[PDB]
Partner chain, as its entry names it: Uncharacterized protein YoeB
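As a starting point, one isolated chain is supplied in structure tokens, in the form solved without its partner chain.
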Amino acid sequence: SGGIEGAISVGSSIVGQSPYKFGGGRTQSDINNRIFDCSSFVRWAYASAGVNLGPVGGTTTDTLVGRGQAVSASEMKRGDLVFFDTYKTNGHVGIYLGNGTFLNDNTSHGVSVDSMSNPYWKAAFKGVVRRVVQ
């Protein structure tokens, strides 16, 4: 109930209820108020499940892509971090849920679940995946 499943449970608890804010989620006030961007959301979901993916103030997609172990796209598993080329290389991150979906915090929908086959996310995905819990 920890680790991967715990992070999915915490992160999902606020789906549909947490608008995105670029740069948010790197102060305790923002965390308490559920104000995050894509990478500070992922850091918080895992921290709330007992897993340290980096410092509160300094975690970004660039630091997260350096955590854990590389995974081939064909082998992506629930809990793996999936990265996408949105405004820059690896500019977006989410937590893969299985079944071609991922939990993430994005401008359009805030904290939400998106599909890897949505044409936008399919085009933006380049195969960059990181496993952070074994």
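Positions refer to the first chain, counted from 1.
Comparing 36 to 44 with 70 to 78, the stretch with the higher mean C-alpha B-factor in the PDB entry is 70 to 78.
Out of 56, 103, 64, 49, it is 56 whose C-alpha atom has the highest B-factor in the PDB entry. Ranked by Cα temperature factor within the chain, residue 129 sits in the lowest third according to the deposited record. Ranked by Cα temperature factor within the chain, residue 25 sits in the middle third according to the deposited record. In the deposited entry, the Cα temperature factor of residue 11 sits in the bottom third of values across the chain's modelled residues. Looking at the C-alpha B-factors along this chain, the one for residue 99 belongs to the highest third. Looking at the C-alpha B-factors along this chain, the one for residue 90 belongs to the lowest third.
Keep in mind that the form deposited with its partner chain bound is not shown, yet the notes after this line are about it.
With a 4.5 Å cutoff on heavy atoms, residue 80 does not count as touching its partner chain in the entry with it bound; it lies far away. Its partner chain is not drawn, but in the entry with it bound it has no heavy atom within 4.5 Å of residue 125.
When its partner chain is considered in the entry with it bound, residue 42 lies well away from it, no heavy atom lying within 4.5 Å. Using a 4.5 Å cutoff between non-hydrogen atoms, residue 48 does not count as a contact of its partner chain in the entry with it bound. Shown here without its partner chain, the chain has only 87 in 73 to 88 lying with a heavy atom within 4.5 Å of that partner in the entry with it bound.
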